[PDB]
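Residue numbers (PDB author numbering), protein chains in the order written: chain A, 1 to 214; chain B, 220 to 450; chain C, 1 to 30.
Below is one structure; the comments refer to it alone.
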């Protein structure tokens, strides 16, 4: 089968920069190459078709080119809304196999922004059921790297929390993150002090949000 | 306008069968190629099958040959993907997409001109699993009493212990969108999904402005409206 | 001219021969 080897797998760049994404076909694909942009949870959108043709309604900062079996997508003046995963796709075989490159995740850089941090105790309704979830929220921060540590009565918690992060925001280029600590009702009720400690480049010192179960 | 609308997805046991439909509108269906393309959670795009309604020609990825059958009903402007002997690895969002005719043309002045997938459906999720459907419990993430006077408060809803994906969350029936973050679901050690949805609001607004999270888990026909209040 | 009707009856080798004829062997020249 014909493979499309796409590079890079991820990139991060500042607004205004010129970004280059490439795809090498394993054998001739003529000019039968399209480029798509996919935003989280959405169907892909066509950018470039037939290697170099700009699809109607797409901004002119997008362009496609070909050199033999090498294909390039150029984004000339990168914008926050260009956060997406980009894919190449070949269709040289009439009514034959179509193949996609593995995708390129594009991150947009922005100024450092410290998270706003919030902690949420379990609700009484959840407690009746036998479980306790404690939630820590880090809102609207950049860059992505962040450390969240849970402490219960000063004991670092291992193995009993899960994190989830939003996709980068398409207007302000920030992230948000949740960390959820799960305890049995009995364990939750044994202890008093619940604390989330957050480390992030935007914070001069780590930030702790806590509550007392009382 | 050109429209493609998928249906038929949902949860199915390993070895089971499902039939997806793609209802097309706004273009010459006989004069098109219809493709199915799928995306496993967190992964890339994978072409599955194609059909020419005019010739009836079909093509399939090696990963589905012998198990899947693509067909079309031109009287209905509809294409179908029959999926048999489904496996866990077939779990994915399935998209319908089209080429307008022709696949490729040639004019001495412009050269070769290849078509591309200019219109796509919204996708439909197929989950291949033995796990049983379960609707979520919904709990408030109440705004903290240590209210930032002239600043910002956060509140939310925890949507816990459901299967399969997806759940949708809106706030105030969709009227509140600014500052909302609905997190990707996490699969718990229990095998059930959980997620949270949060919103940041003026601290000034608490106790005057109402905040309701509307949760819909269509696989279990669960709809919950939870008012989130201080305390 | 649309090529679909022609391509539908050709093997992959024949199809690529025709396409590369029409693009003037672009992959194999400076």
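The C-beta atom is built at its ideal place from N, Cα and C for all residues, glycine as well.
* Asked: How about residue 424 of chain B and residue 375 of chain B: are their beta carbons less than 8 Å apart?
  -> The answer is no: Cβ separation not under 8 Å.
* Could you spell out where the alpha helix (DSSP H) holding residue 259 of chain B opens and where it closes? => Secondary structure note for residue 259 of chain B: it is in no alpha helix (DSSP H), with a DSSP letter that is neither H nor E.
* Going by C-alpha distance, which of B:449, B:347, B:407 is nearest residue 422 of chain B? -> Ranked by Cα distance from residue 422 of chain B, the options B:449, B:347, B:407 are led by B:449.
* Of the residues that make up the segment 60-89 of chain A, which ones have a beta carbon closer than 9 Å to any beta carbon in chain B? -> Here the close residues are 85, 87, 89.
* Asked: Pick from B:408, B:302, B:295: whose alpha carbon is nearest that of residue 235 of chain B?
  -> For residue 235 of chain B, the closest alpha carbon among the candidates B:408, B:302, B:295 is that of B:302.
* To do: Kindly provide the ranges of any beta strand (DSSP E) runs that are 3 or more residues long and lie completely inside the segment 341-428 of chain B, ordered along the chain.
  => If we require 3 residues or more, the beta strand (DSSP E) runs fully inside the segment 341-428 of chain B come out as 343-347, 356-360, 371-381, 387-390, 399-401, 412-421.
* Asked: Using a C-beta cutoff of 8 Å, does residue 126 of chain A count as contacting chain B?
  -> The beta-carbon of residue 126 of chain A is placed less than 8 Å from the nearest beta-carbon of chain B.
* In this structure, does DSSP put residue 45 of chain A in helix, strand or coil? -> Looking at residue 45 of chain A - three-state DSSP - the assignment turns out to be strand.
* CB of residue 350 of chain B within 8 Å of CB of residue 310 of chain B, strictly -> Not a contact, by the Cβ cut-off of 8 Å.
* Kindly indicate the opening and closing residues of the alpha helix (DSSP H) around residue 56 of chain A. => Careful: residue 56 of chain A lies outside any alpha helix (DSSP H) and carries neither H nor E.
* What are the boundary residues of the alpha helix (DSSP H) that includes residue 12 of chain C? -> Residue 12 of chain C -> alpha helix (DSSP H) spans 12-22.
* Would residue 94 of chain A count as contacting chain B if we go by Cβ distances under 8 Å? -> Yes, residue 94 of chain A counts as interfacial toward chain B.
* Cβ neighbour criterion (16 or more within 10 Å) applied to residue 329 of chain B -> Flag for residue 329 of chain B reads exposed.
* Interface positions of the segment 318-329 of chain B facing chain C (Cβ-Cβ less than 8 Å), listed along the chain -> Flagged, chain order: 320, 321, 322, 323, 324, 325, 326.
* Asked: Are residue 225 of chain B and residue 343 of chain B touching if we call contact CB-CB under 8 Å?
  -> Yes. Within cutoff.
* **Closer than 9 Å at the beta carbon, the chain C residues around residue 331 of chain B** => Under the 9 Å cutoff, chain C gives 3, 19, 22, 23.
* To do: State the beta-bridge partners of residue 110 of chain A as determined by DSSP.
  => BP columns for residue 110 of chain A are empty, so no partner.
* Asked: residue 432 of chain B to residue 288 of chain B, Cα distance in whole Å?
  -> Approximately 41 Å between the Cα atoms of the pair.
* Could you name the residues of chain C that residue 274 of chain B contacts, counting a contact when the two beta carbons are closer than 8 Å? => Residues of chain C passing the Cβ test: 8.
* Asked: If you pair each beta-carbon of the segment 357-365 of chain B with each one of the segment 321-328 of chain B, do three or more pairs fall below 8 Å?
  -> No contact exists between the segment 357-365 of chain B and the segment 321-328 of chain B.
* To do: Tell me residue 67 of chain A's beta-bridge partners as DSSP assigns them.
  => By DSSP's assignment, residue 67 of chain A forms a beta bridge with A:70.
* To do: Could you tell me which residues DSSP puts in a beta bridge with residue 320 of chain B?
  => Paired residue(s): none; residue 320 of chain B is not in a bridge.
* **Outcome for residue 4 of chain C when other beta-carbon atoms lying within 10 angstroms are tallied against a minimum of 16** => It is buried - the Cβ of residue 4 of chain C has at least 16 other Cβ atoms within 10 Å.
* To do: Measure how close the beta-carbons of residue 303 of chain A and residue 69 of chain A come, nearest whole angstrom, since I'm counting them as under 8 Å.
  => A question about residue 303 of chain A goes unanswered here, because the residues of chain A that appear run from 1 up to 214.
* Below-8 Å beta-carbon distance, residue 30 of chain A vs any chain C residue -> Using beta-carbon distances, residue 30 of chain A counts as an interface residue toward chain C, with a partner under 8 Å.
* Could you name the residues of chain A that residue 27 of chain C contacts, counting a contact when the two beta carbons are closer than 7 Å? => In chain order: 28, 68, 69.
* For residue 137 of chain A, which residues in chain B fall below 7 Å Cβ to Cβ? -> In chain order: 373, 417.
* Opposite residue 99 of chain A in the DSSP bridges: which residues? -> Residue 99 of chain A pairs with A:90.
* Asked: Going along the chain, which residues of its own chain have a beta-carbon closer than 7 Å to the beta-carbon of residue 175 of chain A, five neighbours each way excluded?
  -> If you ignore the 5 residues before and after residue 175 of chain A, its C-beta comes within less than 7 Å of the C-beta of 141, 142, 144, 165, 166, 168, all in its own chain and listed in chain order.
* Burial state of residue 388 of chain B, where buried means 16 or more other Cβ atoms lie within 10 Å -> Residue 388 of chain B is buried by the Cβ-count criterion.
* **Of the residues B:292, B:286, B:333, B:278, the one placed nearest residue 95 of chain A, counting alpha carbons only** => Checked all of B:292, B:286, B:333, B:278; the closest Cα to residue 95 of chain A is B:278.
* Asked: How do the segment 183-198 of chain A and the segment 94-110 of chain A stand: do at least 3 beta-carbon pairs fall below 8 Å, yes or no?
  -> In this structure the segment 183-198 of chain A does not touch the segment 94-110 of chain A; the number of beta carbon pairs closer than 8 Å is below three.
* Going by beta carbon distance, what residues of the same chain come within less than 7 Å of residue 49 of chain A, once the five residues before and after it are set aside? -> Here the set comprises 34, 55.
* Nearest-angstrom Cα separation, counted from residue 203 of chain A out to residue 110 of chain A -> Looking at the backbone, the Cα of residue 110 of chain A and that of residue 203 of chain A are separated by about 16 Å.
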